[PDB]
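Peer 1: Next up is a structure, given as structure tokens.
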Amino acid sequence: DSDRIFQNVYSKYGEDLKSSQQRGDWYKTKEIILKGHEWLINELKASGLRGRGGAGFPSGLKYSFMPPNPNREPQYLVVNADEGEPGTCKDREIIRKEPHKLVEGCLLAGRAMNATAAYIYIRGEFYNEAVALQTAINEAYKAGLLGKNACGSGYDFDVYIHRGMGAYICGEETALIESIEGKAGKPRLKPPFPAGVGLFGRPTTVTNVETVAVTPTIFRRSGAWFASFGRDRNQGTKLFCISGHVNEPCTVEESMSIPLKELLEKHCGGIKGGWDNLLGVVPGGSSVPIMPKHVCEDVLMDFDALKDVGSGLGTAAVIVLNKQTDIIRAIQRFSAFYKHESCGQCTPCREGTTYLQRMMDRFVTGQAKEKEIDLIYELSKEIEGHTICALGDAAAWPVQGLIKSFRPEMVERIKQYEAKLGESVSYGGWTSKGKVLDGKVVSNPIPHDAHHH
Amino acid sequence: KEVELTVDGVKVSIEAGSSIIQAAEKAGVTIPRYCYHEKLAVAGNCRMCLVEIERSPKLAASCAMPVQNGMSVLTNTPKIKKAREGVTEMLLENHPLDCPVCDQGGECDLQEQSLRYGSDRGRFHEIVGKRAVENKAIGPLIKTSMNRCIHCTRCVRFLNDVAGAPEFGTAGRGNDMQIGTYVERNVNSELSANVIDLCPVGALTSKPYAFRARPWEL
Amino acid sequence: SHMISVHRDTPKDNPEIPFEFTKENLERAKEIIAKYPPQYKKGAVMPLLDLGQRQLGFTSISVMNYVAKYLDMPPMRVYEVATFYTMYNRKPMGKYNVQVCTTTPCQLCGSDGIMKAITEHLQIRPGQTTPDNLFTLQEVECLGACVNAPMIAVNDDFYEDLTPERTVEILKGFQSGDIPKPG
Amino acid sequence: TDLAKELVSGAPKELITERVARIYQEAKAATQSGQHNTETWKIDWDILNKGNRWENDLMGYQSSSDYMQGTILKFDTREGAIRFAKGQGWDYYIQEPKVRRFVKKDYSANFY
Amino acid sequence: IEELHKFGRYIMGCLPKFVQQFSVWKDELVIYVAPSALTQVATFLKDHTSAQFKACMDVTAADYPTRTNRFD
Amino acid sequence: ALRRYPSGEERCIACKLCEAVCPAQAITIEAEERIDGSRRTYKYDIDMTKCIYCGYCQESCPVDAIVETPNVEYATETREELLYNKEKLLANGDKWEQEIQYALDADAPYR
Ligand SMILES: Cc1cc2nc3c(=O)[nH]c(=O)nc-3n(C[C@H](O)[C@H](O)[C@H](O)COP(=O)(O)O)c2cc1C
Ligand code: SF4
Ligand code: SF4
Ligand code: SF4
Ligand code: SF4
Ligand code: SF4
Ligand code: FES
Ligand code: FES
Ligand SMILES: [K+]
């Protein structure tokens, strides 16, 4: 396929504006801008554009929830630009390599949403890209396109950058707004929604850097062309940060419904050992459960086709593994990640994510009992649906992923430890002789697996 | 203005913009709560007041969700009672076994709601142990045992808003979130000791009254 | 990230130690507030906190007290901000900061070996400080360099696709002052 | 009701002449947020101006000559309490419970 | 529960002038009558062949001061 | 008898459970914070002429501070001698500690 949206992902076209314009940058813009926010949104609802954050919500429909701004009051359009999920790198490439492409889309998107300003929240781990993206901001200010007189029109657009200082939780739609206002950054309950009431009391809309960076094409290029790729209503092109235990971890820009087998041969090398050696696949990101081998046989990359098999195309960070690894430790590391990153205000995830962590560490060593395997499954069901933000749902799905498809492995691990230790361990890990002497647990394997540190 | 709604078959007439829990409390249906107090700003973090609304899959924090017109609100589905026991099983995961030595003994909401709405057995025999916190010293009137805090922020919301003493807040993140004043300083408000009544658990107790009586004697 | 949320005054840190921005940092601070509306200028604690962190070297209590003074806020709303985010150092922290991702996508490329390789050279464990104050090793969660998994992070740089024999180049050089090129 | 029913109860005369009863509804406790002990009306007797409690010299007990100190009655309607007090010819006084004033509470109010 | 319900109704139909109401709890049937309906209903339950309650086991009371007639 | 830990500290933390179970109201407990901060009781009486020797206090004690020793031969000449105060009960716990252990070891699992 030709006409890649982001071709500078390998850094062969330049980041300065002069090479950006000859790449396919701003053109017919005022004519696009002065087609009205009604034409842009009517394009998007017809477009089939849906969010790249993981929700799968219509990106175009989301913009139609905002209220019109007759006096152009300060309604902001927050351009989410955090990665957060382990194994995702799509957001870094767009910011670091194609900066002006994002800035173009923000103004066009903000025009559709009656906005005035746009904040591009970027992680504090992208410190150099934060300075670099601001350098591309200066080149944008000099051109006179962004400011109180945008391209000479009566509509204005403003851009600021708000760096974060490290919190996975801030990647939420409501946590992102709070961190700007100077609070800690804990998510709010959805009512009132940011579409109505958001930053500084004014309506706001959170969109991923990937989602915004594609709008310049869709606005300029036809508009009807978008629905071509993938299946129906799961439409559009999509970046993919394929990594893991593979021949060559790399990023591509394939369409939806790309079969995994075709995706593991045409590019991204292949399995380290061959297709017969595949153990598990973590598409999208660490949030979704890890699919088995047999699911991937007809897996087609869609927001919903992966959903049918229990996983999902959240951040398209498709992970491919091999059978020479212990998935119990790999899932255990995700549990110790969501624990360490949960903001910690709702009861189910402040505590339950510690409940999972304290149990996967006994799983990875096999110091448990066979019925306790389905005990922790009942714990993960006590967390989902009870939390404010979706981090709680994202901390329980990987636990179910291990149990759903790799149940015999956990049993074999426990049966090893019975043979390895010699004495069967009761509920909670207590051996027959484990007790407390002068203030410490004695005569029992204490699992110092809480990162030690 | 008033929106007519039914909670478990009981017709409710309340002012518009009210939350579900006030509507339910007017109909006589009792919805368990920790973090909701009727003189404080609404936080929705304790997740104990969850109910089921007819047109939704997602449980509603009745202390935060504003009332609607014609809405059908359920509170006694087996789905809800499963949620109430799940949340109860989480608060007591790290709670200390302090009830005999805890001045909140006979009057603690974490006891009566756990007895009424939680399960009768605990499923936490973990070998690593519970979470332990250091007690913060905030003056001669408030005796703190922060092991017992259920992170409900009534102390924070009262002192910030009602009392006007902004030195009390939540410092930390996640499993290490520690209500307190970060640095060691005494709480300075003439109304600071009302936090002793708001704190539903033994985390904040009276220092002069410490260890002197049980509530059933008085 | 070292998770302690109660500050104890040290001989190195206390409110009695003065802190004042340099003449340059005033100009940035004056213009940092330019991104926030007049009635919400308090949103600029996160920029000023890290901006003031770099002038001193870490996020001292005097910084938090100074930052609160600048934006007309009680010192607690800054303490809540400071300890929520993991990139604020509430300790001397030394010169450099090794950040070693140990998450699963990184751990698939033998991210354990990088951890062992560093611990060998400096005689320290994760979360410790070297006897010279030049280095302070520190584990870390995902940094984004997962497709280029086995990555070390020093201060704010990037070194992806590493091995225990790749650690020999950097840990030797930084003491000598010969800093390798990041990327 | 209208009858002087106390003449058949055999109670000592002092409950009519010398003691004062109180009809009240128990108030909500500050410590706990439950609202069930405040739904039944109760009758209790005033304490005595002397001899209500005094320290036993030997073991430090709490001696008392008030034979109504541990007598609390329960009702379900306010009228039944007043009618019963009237029937016995008690010198009572009613304590009207305070009524909390309604105030709507909204999640969004923290910013608006 | 059903059989006491049937037999409880049977007594009410036989004596509508006296039986104010009847109630069933698990395996206990209660007949509520006025003081002036006592000797009649007691006699009926003693002599009627379908219900020969020759033996009276307990006579008691209970105090509910809230009600107009406290004793039950 | 009121018992001790091996270290010597009193077992009772003045929790007042036994006072609330006691069917006959034979127990009188008065407590406060000790001189060093401990939650200890300074007054503890059992009216041995009012106790029904029922074992509820023993069952309710969370720390096994109050038990009933197998002694039965303690009939007294005067009734004042049957008002056991905290000094008396702690002196019994020391006197009968060995015999209490006999019964606690045997019947620990059944409770
Ligand atoms: C715990 C958590 C972390 C998240 N992190 C990110 C992130 O790093 N980048 C992103 O674009 N969306 C992230 N999201 C999704 C956001 O909540 C937001 O809804 C999403 O960006 C929607 O934007 P879109 O529809 O334009 O794709 C996260 C959500 C949660 C619950
Ligand atoms: S679910 Fe967890 S991370 Fe999300 S708001 Fe609640 S406590 Fe914070
Ligand atoms: S706060 Fe309540 S549940 Fe916790 S120790 Fe005290 S009495 Fe027990
Ligand atoms: S200390 Fe008490 S009032 Fe404050 S959050 Fe904890 S439980 Fe709530
Ligand atoms: S054994 Fe005696 S002192 Fe103990 S509870 Fe029973 S009656 Fe009271
Ligand atoms: S039950 Fe035990 S600990 Fe509690 S007051 Fe009685 S003797 Fe003391
Ligand atoms: S009472 Fe609603 S979540 Fe706490
Ligand atoms: S998992 Fe290590 S940088 Fe992302
Ligand atoms: K309290």
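Chain labels run A, B, ... following the order of the structure tokens; each chain numbers its residues from 1, and ligands are numbered from 1 in the order shown.
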Which region 3-65 of chain D residues have any atom within 12 Å of an atom of region 49-68 of chain E, and for each, what is the nearest pair of atoms with distance in Å to one decimal, counting only C-alpha atoms, rows sorted by chain and number, as a Markdown table?
Peer 2:
| residue | atom | partner | partner_atom | distance |
| --- | --- | --- | --- | --- |
| D:40 | CA | E:66 | CA | 10.6 |
| D:41 | CA | E:66 | CA | 9.6 |
| D:42 | CA | E:66 | CA | 10.4 |
| D:43 | CA | E:65 | CA | 11.2 |
Peer 1: With C-alpha atoms retained, write the just-selected residues as a CSV table (one decimal), in the first residue's frame.
Peer 2:
chain,number,residue,atom,x,y,z
D,40,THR,CA,-38.9,5.2,68.2
D,41,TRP,CA,-40.2,7.4,70.9
D,42,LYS,CA,-39.0,6.8,74.4
D,43,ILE,CA,-39.9,7.8,78.0
Peer 1: What residues of the protein or nucleic acid chains come within 7 Å of ligand 2 when you use only C-alpha atoms and all ligand atoms? Reply as a list in words.
Peer 2: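 If we count only C-alpha atoms and all ligand atoms, the neighbours of ligand 2 turn out to be residues 169, 186, 187, 342, 343, 344, 345, 346, 347, 349, 350, 387, 388, 389, 390, 391 and 392 of chain A; 45 of chain B.
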Peer 1: Write out, as a PDB file, in the first residue's frame, the residues just selected, with N, CA, C and O atoms.
Peer 2:
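Final output, out.pdb:
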ATOM      1  N   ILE A 169      -1.416   7.204  35.662  1.00  0.00           N
ATOM      2  CA  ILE A 169      -2.828   7.498  35.868  1.00  0.00           C
ATOM      3  C   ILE A 169      -3.247   8.754  35.120  1.00  0.00           C
ATOM      4  O   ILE A 169      -4.402   8.874  34.697  1.00  0.00           O
ATOM      5  N   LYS A 186      -5.975  13.007  40.274  1.00  0.00           N
ATOM      6  CA  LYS A 186      -6.834  11.839  40.392  1.00  0.00           C
ATOM      7  C   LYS A 186      -8.082  12.018  39.534  1.00  0.00           C
ATOM      8  O   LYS A 186      -8.638  13.118  39.471  1.00  0.00           O
ATOM      9  N   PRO A 187      -8.527  10.958  38.866  1.00  0.00           N
ATOM     10  CA  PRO A 187      -9.698  11.072  37.994  1.00  0.00           C
ATOM     11  C   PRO A 187     -10.950  11.457  38.760  1.00  0.00           C
ATOM     12  O   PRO A 187     -11.103  11.147  39.942  1.00  0.00           O
ATOM     13  N   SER A 342      -1.491   2.836  40.129  1.00  0.00           N
ATOM     14  CA  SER A 342      -2.852   3.224  40.461  1.00  0.00           C
ATOM     15  C   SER A 342      -2.823   4.446  41.357  1.00  0.00           C
ATOM     16  O   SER A 342      -2.039   4.511  42.307  1.00  0.00           O
ATOM     17  N   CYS A 343      -3.674   5.423  41.049  1.00  0.00           N
ATOM     18  CA  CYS A 343      -3.653   6.666  41.808  1.00  0.00           C
ATOM     19  C   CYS A 343      -3.979   6.414  43.271  1.00  0.00           C
ATOM     20  O   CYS A 343      -3.310   6.943  44.164  1.00  0.00           O
ATOM     21  N   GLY A 344      -4.993   5.599  43.536  1.00  0.00           N
ATOM     22  CA  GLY A 344      -5.280   5.157  44.885  1.00  0.00           C
ATOM     23  C   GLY A 344      -6.342   5.942  45.621  1.00  0.00           C
ATOM     24  O   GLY A 344      -6.141   6.305  46.781  1.00  0.00           O
ATOM     25  N   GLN A 345      -7.477   6.208  44.980  1.00  0.00           N
ATOM     26  CA  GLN A 345      -8.595   6.840  45.665  1.00  0.00           C
ATOM     27  C   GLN A 345      -9.802   5.923  45.803  1.00  0.00           C
ATOM     28  O   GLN A 345     -10.395   5.864  46.881  1.00  0.00           O
ATOM     29  N   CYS A 346     -10.188   5.192  44.760  1.00  0.00           N
ATOM     30  CA  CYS A 346     -11.275   4.238  44.921  1.00  0.00           C
ATOM     31  C   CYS A 346     -10.804   3.053  45.746  1.00  0.00           C
ATOM     32  O   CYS A 346      -9.672   2.587  45.605  1.00  0.00           O
ATOM     33  N   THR A 347     -11.683   2.571  46.616  1.00  0.00           N
ATOM     34  CA  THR A 347     -11.352   1.416  47.446  1.00  0.00           C
ATOM     35  C   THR A 347     -11.010   0.169  46.642  1.00  0.00           C
ATOM     36  O   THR A 347     -10.021  -0.499  46.983  1.00  0.00           O
ATOM     37  N   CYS A 349      -9.544  -0.462  43.770  1.00  0.00           N
ATOM     38  CA  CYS A 349      -8.240  -0.510  43.126  1.00  0.00           C
ATOM     39  C   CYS A 349      -7.109  -0.038  44.023  1.00  0.00           C
ATOM     40  O   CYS A 349      -5.967  -0.453  43.814  1.00  0.00           O
ATOM     41  N   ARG A 350      -7.388   0.791  45.026  1.00  0.00           N
ATOM     42  CA  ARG A 350      -6.345   1.121  45.989  1.00  0.00           C
ATOM     43  C   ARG A 350      -5.874  -0.126  46.718  1.00  0.00           C
ATOM     44  O   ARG A 350      -4.670  -0.333  46.897  1.00  0.00           O
ATOM     45  N   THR A 387     -14.881   0.900  40.296  1.00  0.00           N
ATOM     46  CA  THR A 387     -13.922   1.988  40.371  1.00  0.00           C
ATOM     47  C   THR A 387     -14.394   3.179  39.551  1.00  0.00           C
ATOM     48  O   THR A 387     -15.275   3.065  38.697  1.00  0.00           O
ATOM     49  N   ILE A 388     -13.794   4.334  39.822  1.00  0.00           N
ATOM     50  CA  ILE A 388     -14.139   5.543  39.083  1.00  0.00           C
ATOM     51  C   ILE A 388     -13.543   5.503  37.686  1.00  0.00           C
ATOM     52  O   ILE A 388     -14.258   5.589  36.682  1.00  0.00           O
ATOM     53  N   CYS A 389     -12.226   5.375  37.603  1.00  0.00           N
ATOM     54  CA  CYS A 389     -11.520   5.356  36.334  1.00  0.00           C
ATOM     55  C   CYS A 389     -11.214   3.924  35.926  1.00  0.00           C
ATOM     56  O   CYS A 389     -11.188   3.009  36.747  1.00  0.00           O
ATOM     57  N   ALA A 390     -10.977   3.745  34.643  1.00  0.00           N
ATOM     58  CA  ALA A 390     -10.784   2.429  34.061  1.00  0.00           C
ATOM     59  C   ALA A 390      -9.471   1.811  34.407  1.00  0.00           C
ATOM     60  O   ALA A 390      -9.154   0.795  33.793  1.00  0.00           O
ATOM     61  N   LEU A 391      -8.659   2.337  35.322  1.00  0.00           N
ATOM     62  CA  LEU A 391      -7.439   1.630  35.686  1.00  0.00           C
ATOM     63  C   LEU A 391      -7.754   0.350  36.441  1.00  0.00           C
ATOM     64  O   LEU A 391      -7.019  -0.635  36.321  1.00  0.00           O
ATOM     65  N   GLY A 392      -8.834   0.344  37.221  1.00  0.00           N
ATOM     66  CA  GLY A 392      -9.214  -0.869  37.923  1.00  0.00           C
ATOM     67  C   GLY A 392      -9.594  -1.992  36.980  1.00  0.00           C
ATOM     68  O   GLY A 392      -9.243  -3.152  37.206  1.00  0.00           O
TER      69      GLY A 392
ATOM     70  N   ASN B  45     -15.224   8.064  46.370  1.00  0.00           N
ATOM     71  CA  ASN B  45     -14.096   7.145  46.331  1.00  0.00           C
ATOM     72  C   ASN B  45     -14.280   5.880  47.158  1.00  0.00           C
ATOM     73  O   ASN B  45     -13.622   4.879  46.868  1.00  0.00           O
TER      74      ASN B  45
END
Peer 1: Can you pull out the residues contacting region 66-73 of chain D? Cut-off 8 Å, using only C-alpha atoms, and skip same-chain residues under 4 positions away; I want them as a ChimeraX atom specification.
Peer 2: /D:42-45,47-48,51-52
Peer 1: Output N, CA, C and O atoms of each residue in that selection to a file, as a PDB file, in the first residue's frame.
Peer 2:
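The new file out25.pdb reads:
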ATOM      1  N   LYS D  42     -39.333   7.413  73.179  1.00  0.00           N
ATOM      2  CA  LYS D  42     -38.958   6.814  74.448  1.00  0.00           C
ATOM      3  C   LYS D  42     -39.364   7.711  75.605  1.00  0.00           C
ATOM      4  O   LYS D  42     -39.499   8.926  75.454  1.00  0.00           O
ATOM      5  N   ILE D  43     -39.554   7.094  76.767  1.00  0.00           N
ATOM      6  CA  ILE D  43     -39.859   7.794  78.008  1.00  0.00           C
ATOM      7  C   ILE D  43     -38.769   7.475  79.016  1.00  0.00           C
ATOM      8  O   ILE D  43     -38.464   6.302  79.254  1.00  0.00           O
ATOM      9  N   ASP D  44     -38.185   8.510  79.605  1.00  0.00           N
ATOM     10  CA  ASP D  44     -37.208   8.329  80.664  1.00  0.00           C
ATOM     11  C   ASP D  44     -37.525   9.304  81.783  1.00  0.00           C
ATOM     12  O   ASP D  44     -38.176  10.327  81.573  1.00  0.00           O
ATOM     13  N   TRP D  45     -37.066   8.972  82.980  1.00  0.00           N
ATOM     14  CA  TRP D  45     -37.329   9.774  84.161  1.00  0.00           C
ATOM     15  C   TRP D  45     -36.120  10.630  84.503  1.00  0.00           C
ATOM     16  O   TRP D  45     -34.977  10.210  84.312  1.00  0.00           O
ATOM     17  N   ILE D  47     -33.288  12.438  86.763  1.00  0.00           N
ATOM     18  CA  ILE D  47     -32.492  11.962  87.887  1.00  0.00           C
ATOM     19  C   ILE D  47     -32.884  12.725  89.140  1.00  0.00           C
ATOM     20  O   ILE D  47     -33.597  13.730  89.073  1.00  0.00           O
ATOM     21  N   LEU D  48     -32.425  12.248  90.289  1.00  0.00           N
ATOM     22  CA  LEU D  48     -32.731  12.871  91.565  1.00  0.00           C
ATOM     23  C   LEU D  48     -31.665  13.891  91.940  1.00  0.00           C
ATOM     24  O   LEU D  48     -30.478  13.716  91.659  1.00  0.00           O
ATOM     25  N   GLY D  51     -28.745  11.560  95.786  1.00  0.00           N
ATOM     26  CA  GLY D  51     -29.005  10.141  95.884  1.00  0.00           C
ATOM     27  C   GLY D  51     -29.251   9.442  94.568  1.00  0.00           C
ATOM     28  O   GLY D  51     -29.743   8.310  94.570  1.00  0.00           O
ATOM     29  N   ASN D  52     -28.960  10.093  93.442  1.00  0.00           N
ATOM     30  CA  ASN D  52     -29.017   9.414  92.153  1.00  0.00           C
ATOM     31  C   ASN D  52     -27.846   8.452  91.990  1.00  0.00           C
ATOM     32  O   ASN D  52     -28.028   7.313  91.552  1.00  0.00           O
TER      33      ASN D  52
END
Peer 1: 8 Å from ligand 8 is the threshold here; counting only C-alpha atoms and all ligand atoms, which polymer residues fall inside it? Answer as a PyMOL selection string.
Peer 2: (chain A and resi 85-89) or (chain C and resi 101-107+141-151)
Peer 1: Output the contact residues of chain B with respect to chain F at a cut-off of 7 Å, based on only C-alpha atoms, as a list in words.
Peer 2: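 Residues satisfying the distance criterion: residues 100, 101, 210, 211 and 212 of chain B.
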Peer 1: Could you save the residues just selected, with C-alpha atoms, as a PDB file, in the first residue's frame?
Peer 2:
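Written out: again36.pdb:
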ATOM      1  CA  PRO B 100     -10.266  -4.675  71.363  1.00  0.00           C
ATOM      2  CA  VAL B 101      -7.715  -1.861  71.783  1.00  0.00           C
ATOM      3  CA  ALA B 210      -8.437   7.815  75.251  1.00  0.00           C
ATOM      4  CA  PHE B 211      -8.969   4.358  76.735  1.00  0.00           C
ATOM      5  CA  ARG B 212     -11.429   5.569  79.380  1.00  0.00           C
TER       6      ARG B 212
END
Peer 1: So that I can check the surroundings of residue 448 (chain A), please list as a compact mmCIF listing (two decimals) with C-alpha atoms, in the first residue's frame every protein, DNA and RNA residue that reaches within 12 Å of it, counting only C-alpha atoms and ignoring chain neighbours fewer than 2 positions away.
Peer 2:
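Written output follows (selection-v1.txt):
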# COMPACT_ATOMS: atom_id res chain seq x y z
CA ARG A 358 0.44 -10.09 46.96
CA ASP A 361 4.15 -13.16 43.76
CA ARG A 362 3.09 -16.38 45.47
CA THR A 365 7.08 -19.12 42.88
CA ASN A 444 8.73 -20.28 56.17
CA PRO A 445 9.68 -19.11 52.67
CA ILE A 446 9.15 -15.35 52.83
CA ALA A 450 8.06 -6.61 46.38
CA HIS A 451 10.89 -5.16 44.25
CA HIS A 452 13.10 -5.36 47.37
CA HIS A 453 14.61 -1.90 46.69
CA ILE B 127 2.09 -14.37 54.45
CA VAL B 128 3.58 -10.97 53.55
CA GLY B 129 1.21 -9.27 56.00
Peer 1: Using only C-alpha atoms and all ligand atoms, which protein or nucleic acid residues are at most 7 Å from ligand 1, as a VMD selection string?
Peer 2: chain A and resid 50 to 59 80 to 85 168 to 173 206 to 209 211 389 to 391
Peer 1: If you count only C-alpha atoms and all ligand atoms, which residues end up within 7 Å of ligand 3, as a VMD selection string?
Peer 2: chain B and resid 95 to 99 102 to 106 108 to 111 148 201 to 203
Peer 1: Which residues sit within 8 Å of ligand 5, counting only C-alpha atoms and all ligand atoms, listed as a list in words?
Peer 2: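 Here is the list of contacting residues: residues 18, 19, 21, 22, 23, 24, 25, 26, 27, 46, 47, 48, 50, 51, 52, 53, 54, 55, 56, 57, 58 and 68 of chain F.
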Peer 1: Using only C-alpha atoms and all ligand atoms, what are the residues with an atom within 7 Å of ligand 4, set out as an MDAnalysis selection string?
Peer 2: chainID B and resid 35 146 149:156 179 195 198:201 203:204
Peer 1: Put those residues in a file: N, CA, C and O atoms, as an mmCIF file, in the first residue's frame.
Peer 2:
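The file below, part22.cif, is the result:
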data_model
loop_
_atom_site.group_PDB
_atom_site.id
_atom_site.type_symbol
_atom_site.label_atom_id
_atom_site.label_comp_id
_atom_site.auth_asym_id
_atom_site.auth_seq_id
_atom_site.Cartn_x
_atom_site.Cartn_y
_atom_site.Cartn_z
ATOM 1 N N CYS B 35 -17.857 7.413 52.798
ATOM 2 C CA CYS B 35 -17.248 8.662 52.388
ATOM 3 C C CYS B 35 -18.248 9.797 52.237
ATOM 4 O O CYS B 35 -17.832 10.943 52.054
ATOM 5 N N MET B 146 -3.039 5.723 62.309
ATOM 6 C CA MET B 146 -3.342 5.768 60.888
ATOM 7 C C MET B 146 -3.408 4.394 60.249
ATOM 8 O O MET B 146 -3.794 4.296 59.083
ATOM 9 N N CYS B 149 -7.067 3.924 59.012
ATOM 10 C CA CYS B 149 -7.764 4.804 58.088
ATOM 11 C C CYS B 149 -8.211 4.044 56.853
ATOM 12 O O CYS B 149 -7.455 3.259 56.280
ATOM 13 N N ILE B 150 -9.453 4.293 56.438
ATOM 14 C CA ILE B 150 -10.016 3.675 55.247
ATOM 15 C C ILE B 150 -9.986 4.619 54.054
ATOM 16 O O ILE B 150 -10.654 4.363 53.053
ATOM 17 N N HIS B 151 -9.230 5.712 54.145
ATOM 18 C CA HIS B 151 -8.985 6.634 53.039
ATOM 19 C C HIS B 151 -10.292 7.154 52.449
ATOM 20 O O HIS B 151 -10.584 7.004 51.264
ATOM 21 N N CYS B 152 -11.068 7.792 53.313
ATOM 22 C CA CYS B 152 -12.382 8.293 52.964
ATOM 23 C C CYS B 152 -12.427 9.809 52.838
ATOM 24 O O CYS B 152 -13.420 10.343 52.339
ATOM 25 N N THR B 153 -11.382 10.505 53.283
ATOM 26 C CA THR B 153 -11.172 11.936 53.070
ATOM 27 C C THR B 153 -12.221 12.811 53.738
ATOM 28 O O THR B 153 -12.406 13.957 53.338
ATOM 29 N N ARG B 154 -12.932 12.316 54.749
ATOM 30 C CA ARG B 154 -13.808 13.205 55.503
ATOM 31 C C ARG B 154 -13.001 14.218 56.298
ATOM 32 O O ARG B 154 -13.400 15.378 56.427
ATOM 33 N N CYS B 155 -11.866 13.793 56.850
ATOM 34 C CA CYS B 155 -11.001 14.720 57.565
ATOM 35 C C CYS B 155 -10.473 15.806 56.641
ATOM 36 O O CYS B 155 -10.407 16.979 57.021
ATOM 37 N N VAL B 156 -10.079 15.432 55.426
ATOM 38 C CA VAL B 156 -9.537 16.403 54.484
ATOM 39 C C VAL B 156 -10.618 17.370 54.031
ATOM 40 O O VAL B 156 -10.411 18.586 54.000
ATOM 41 N N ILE B 179 -2.871 9.991 54.605
ATOM 42 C CA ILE B 179 -3.531 11.165 55.152
ATOM 43 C C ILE B 179 -2.677 11.752 56.262
ATOM 44 O O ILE B 179 -2.115 11.027 57.090
ATOM 45 N N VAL B 195 -13.277 16.683 63.633
ATOM 46 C CA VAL B 195 -12.820 15.597 62.776
ATOM 47 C C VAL B 195 -12.894 14.271 63.511
ATOM 48 O O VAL B 195 -13.052 13.213 62.891
ATOM 49 N N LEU B 198 -16.191 12.878 62.710
ATOM 50 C CA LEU B 198 -16.408 12.524 61.312
ATOM 51 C C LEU B 198 -15.684 11.241 60.938
ATOM 52 O O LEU B 198 -16.236 10.411 60.211
ATOM 53 N N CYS B 199 -14.446 11.068 61.408
ATOM 54 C CA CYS B 199 -13.658 9.887 61.079
ATOM 55 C C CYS B 199 -14.429 8.645 61.490
ATOM 56 O O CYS B 199 -14.550 8.358 62.687
ATOM 57 N N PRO B 200 -14.964 7.888 60.530
ATOM 58 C CA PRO B 200 -15.841 6.770 60.884
ATOM 59 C C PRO B 200 -15.131 5.654 61.609
ATOM 60 O O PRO B 200 -15.793 4.865 62.288
ATOM 61 N N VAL B 201 -13.811 5.571 61.504
ATOM 62 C CA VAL B 201 -13.038 4.494 62.102
ATOM 63 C C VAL B 201 -12.182 5.056 63.224
ATOM 64 O O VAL B 201 -12.228 6.255 63.511
ATOM 65 N N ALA B 203 -9.195 5.797 63.320
ATOM 66 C CA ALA B 203 -7.982 6.472 62.880
ATOM 67 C C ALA B 203 -7.761 7.768 63.642
ATOM 68 O O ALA B 203 -6.629 8.087 64.017
ATOM 69 N N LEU B 204 -8.824 8.528 63.885
ATOM 70 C CA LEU B 204 -8.748 9.787 64.621
ATOM 71 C C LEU B 204 -9.672 9.703 65.827
ATOM 72 O O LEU B 204 -10.896 9.697 65.673
#
Peer 1: Select, as a ChimeraX atom specification, those residues of chain B with any atom no more than 9 Å from chain D (distances computed using only C-alpha atoms).
Peer 2: /B:14-19,22,30,33-34,37-44,63-66,104,107-109,196-200
Peer 1: Write out as a ChimeraX atom specification all residues of region 23-60 of chain E that DSSP puts in strand (DSSP E) for this structure's backbone.
Peer 2: /E:23-25,28-33
Peer 1: Where in chain E does DSSP assign alpha helix (DSSP H), given as a PyMOL selection string?
Peer 2: chain E and resi 2-14+38-47
Peer 1: Given the choices A:324, A:222, A:237, A:243, which gets closest to chain C if the distance is worked out from only C-alpha atoms?
Peer 2: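 Going through A:324, A:222, A:237, A:243 one by one, the smallest distance to chain C is for A:243.
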Peer 1: Write out as number ranges by chain each polymer residue whose atoms come within 10 Å of residue 10 (chain A), counting only C-alpha atoms; drop sequence neighbours fewer than 5 positions from it.
Peer 2: A: 93, 97, 251
Peer 1: Just write the chosen residues, N, CA, C and O atoms, as a short mmCIF file (atom, residue, chain, number, x, y, z; two decimals), in the first residue's frame.
Peer 2:
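After the write, again.cif holds the following:
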data_model
loop_
_atom_site.label_atom_id
_atom_site.label_comp_id
_atom_site.auth_asym_id
_atom_site.auth_seq_id
_atom_site.Cartn_x
_atom_site.Cartn_y
_atom_site.Cartn_z
N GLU A 93 6.83 8.30 18.44
CA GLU A 93 7.27 8.51 17.07
C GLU A 93 6.61 9.72 16.43
O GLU A 93 7.27 10.49 15.72
N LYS A 97 9.16 12.79 15.53
CA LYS A 97 9.54 12.79 14.12
C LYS A 97 8.65 13.65 13.24
O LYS A 97 9.15 14.28 12.31
N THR A 251 7.86 -0.61 14.18
CA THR A 251 6.56 0.03 14.02
C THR A 251 6.18 0.02 12.55
O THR A 251 7.03 0.25 11.68
#
